[PDB]
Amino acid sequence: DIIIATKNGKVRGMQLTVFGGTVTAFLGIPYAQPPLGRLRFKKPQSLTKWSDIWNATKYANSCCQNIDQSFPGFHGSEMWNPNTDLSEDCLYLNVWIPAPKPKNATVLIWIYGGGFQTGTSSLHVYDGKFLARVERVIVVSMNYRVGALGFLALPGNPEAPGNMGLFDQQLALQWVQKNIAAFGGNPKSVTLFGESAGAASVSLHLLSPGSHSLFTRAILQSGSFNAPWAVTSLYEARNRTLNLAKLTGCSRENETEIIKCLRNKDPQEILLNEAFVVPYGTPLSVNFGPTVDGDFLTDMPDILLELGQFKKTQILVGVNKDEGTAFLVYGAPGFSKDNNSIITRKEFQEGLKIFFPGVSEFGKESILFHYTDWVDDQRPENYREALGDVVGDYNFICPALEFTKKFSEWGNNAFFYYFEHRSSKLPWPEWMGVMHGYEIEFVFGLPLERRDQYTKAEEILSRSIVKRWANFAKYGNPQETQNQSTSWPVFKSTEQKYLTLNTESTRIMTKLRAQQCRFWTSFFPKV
């Protein structure tokens, strides 16, 4: 057995037999007073000491959230749904310690995605026991409030200041600063990494002053704050908010007395009116997301980025080839995961009205023009594939490149990858390609378990990805030095070189999605 003494109490973990070795997991360590009762919506009060021995041998409650039900029984979607009881009592974290206890190990802190409305650290593909065993790092992950309960914003008023889930995250980075040396980790070598909404979170920690001391560098998988869905405005924030207030019938006008009303209301009621506070949602609507609150974020993050106001350090940034496809089957007409979704011109037209609901007629035609003077004509998948590229480029790929150009313009090393491998265990049909979020399992070293059906070449790709990620965390350079591996070159905004990840080739390419991103990041925003 193994007990570790933390700053506010003693915690017990369990031994995990992994790959002939042993990993020590501490699942479910509380890192804040439960945000309940008179504390719902408020920032996360810090946790008072205890005298027990905390039994941290199982994942804690997942935070309250709405569950995608568009594909009941289908692993490809249900893989992402929470796998622990949902409760407001839900601010806990997990620690994966290599056995035996390391001395001064690099710490990797994972932040999950979910459009700031969903997610949980318990997910199978966020299991860090593999990273602990193989590269001898410590892996930490935490639950943070999502949806309204985590991002409702009454700008100014502290019973709902906004950004609470981000402040949840931040106090957990604070926890590994005060406590991780007790686990054999090195609080001075912490790398944050996350995917999509998690990625935008960690790009926001690169901006938020209160986080600059709590980590060393950063890895942004398929997401960044300048993506169109990441930061909801301050006026559309509290327009979203008060729309909920009338739905719940909680409209006072002592601006504070609305909040007191939303706390004698039970969590399920709040969950079920979040969908309509944006009048015309899309598959990407962050109904309640990060806002400019003047505490975590003190100014519009695009300006902080444009004028070089962030933690100076190395970033590893990247995206997947078919980021957009996952969303077309969540709404778009003529699409389904059980056929090949060949849509005509007009099906595509009506599909832009769903991803661009408040965009002018001209704007929608503008997109149709850039994306359909074809490299040629026959192929009935033209509109099907154009629409997936439209969503992927606008929502993920071009924000991420634009983040990397602008970040690296202040002298820091940047590394850009481009993941283009489709898992063969992947259960979605083949026309959807390399989908949003399906690099995560390779990053976490799941293909290294041969017992769970992955190609041998898949396990090999996972093997260098993992090594590259770890060398980046520990040494700031994401190279694979030994096995005659392609060097990963630094991303300069001059030449814009990126590395491709797949089971055939590592290749160095240049100037990713050039023609498209010049449309997206300039001609298109003026409309």
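Each form is matched to the other, and the largest set of C-alpha atoms that superpose within 1.5 Å is called the rigid core. Heads up: residue numbers just count along the shown sequence, starting at 1.
Put simply, when the other structures in 8 other deposited structures of this protein are lined up on the rigid core, the C-alpha atoms of 279-287 lie farther off than those of the other stretch, from 279-287 and 147-155. Here the rigid core sets the fit, and in 8 other deposited structures of this protein the C-alphas of 47-55 stray farther than those of the other stretch, out of 47-55 and 26-34.
Modelled in this chain, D266 is likewise resolved in all the other entries of the protein that span it on both sides, not missing from even a third of them. Among other compared entries that model residues flanking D377, a third or more give it no coordinates. On average the C-alpha atoms of 276-284 have higher B-factors than those of the other stretch, with 85-93 and 276-284 being the two compared. Stretches compared: 483-491, 45-53. Higher mean C-alpha B-factor in the entry: 45-53.
Listed residues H370, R240, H205, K312 were ranked by CA B-factor as deposited; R240 comes out on top. Per the deposited coordinates, the residue with the largest Cα temperature factor out of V466, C63, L501, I460 is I460. In this PDB entry, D299 carries a Cα temperature factor that places it within the middle third of its chain's modelled residues.
When the modelled residues of the chain are ordered by C-alpha B-factor, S424 sits in the highest third. Looking at the C-alpha B-factors along this chain, the one for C250 belongs to the highest third. When all modelled residues of the chain are sorted by CA temperature factor, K474 is found within the middle third. Looking at the C-alpha B-factors along this chain, the one for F396 belongs to the lowest third.
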